[PDB]
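So this first bit is one chain, no partners, the form deposited in one PDB entry, shown in structure tokens.
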């Protein structure tokens, strides 16, 4: 079975659970406030910073290199622009770093440092979702919070180097199917992608609790 298919199949159930997290339900209904959106985007700042450090560390390693797409995909610079927008010029010392965020970062550094054959699972889980449900969320966010079509405060959701997300995802899936693959790597990559989904779910549960507290 091709990796791209194995990953879709492995993560389709936990996807359902993630897209139905209370924080995401509320977001999809349009009940997302500046407070909640700041907390999530700050958390993503730390998450993508770690992920993309680890991508940089492993950019020439063949277990990842075919998916090395900084210009098209990487989010840290976008998130920096969003953090300055939402939190102002001293955002670096204002932004929160929640425990669930720390836990996600920790696993990212474990994977990138010790299990880099699994890094594809973490890239898959975040980037392909940003090009899918993230595009739906971006539109809801604009409407709910009165964010301008010019893009300020939603740089994260904007991919100026991708003309067509549908086509890019197809290319990405096909490239995933070029990685060197054995039954062990395939089993473990799919497992790690389920873990990646759970780390996201836990983050959303945490952020919802922080907002409700």
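We call the rigid core the largest set of C-alpha positions that still match within 1.5 Å between the two forms. Residue numbers count along the first chain shown, from 1.
> Mean C-alpha B-factor higher for 20-28, or for 5-13?
Mean B over CA atoms: larger for 20-28.
> What stretch has the higher average Cα B-factor here, 87-95 or 102-110?
Taking the mean B-factor of the alpha carbons in each, 87-95 is higher.
> When you compare the CA B-factors of 177, 49, 43, 150 as listed in the entry, which one comes out on top?
By C-alpha B-factor in the record, 150 ranks first.
> For the chain shown, is the CA B-factor of residue 76 in the lowest, middle or highest third of its modelled residues?
Answer is middle: the recorded C-alpha B-factor places it there.
> Would you mind checking where the Cα B-factor of residue 56 ranks among the modelled residues of its chain, as the lowest, middle or highest third?
Middle third, going by the recorded CA B-factors of the chain.
> State the tercile, meaning the lowest, middle or highest third, of residue 143 with respect to the CA B-factors recorded for its chain.
Tercile = highest for this residue's CA B-factor.
> Going by the recorded CA B-factors, say which third of the chain residue 181 sits in, lowest, middle or highest.
It falls in the top third of the chain.
In what follows, reference is made to the form deposited in another entry, a form of this protein that is not presented.
> Can you tell which of 170, 161, 26, 177 moves its Cα by 2 Å or more between the shown form and the other one, with the two forms laid on the rigid core?
Only 26 moves by 2 Å or more at its C-alpha.
> Comparing between the shown form and the other one on the rigid core: C-alpha of residue 103 shifted by 2 Å or more?
Superposed on the core, residue 103 moves its C-alpha less than 2 Å between the shown form and the other one.
> Taking the rigid core as the superposition reference, indicate whether the CA of residue 137 shifts 2 angstroms or more between the shown form and the other one.
Superposed on the core, residue 137 moves its C-alpha 2 Å or more between the shown form and the other one.
> Work out the direction of the Cα-Cα change for residue 133 and residue 202 in that other deposited form: closer or farther than in this form? It's 3 angstroms or more.
Residue 133 and residue 202 sit farther apart in that other deposited form.
> Between residue 159 and residue 28, does the Cα distance in that other deposited form come out closer or farther than in this form, changing by 3 Å or more?
Closer in that other deposited form, by 3 Å or more.
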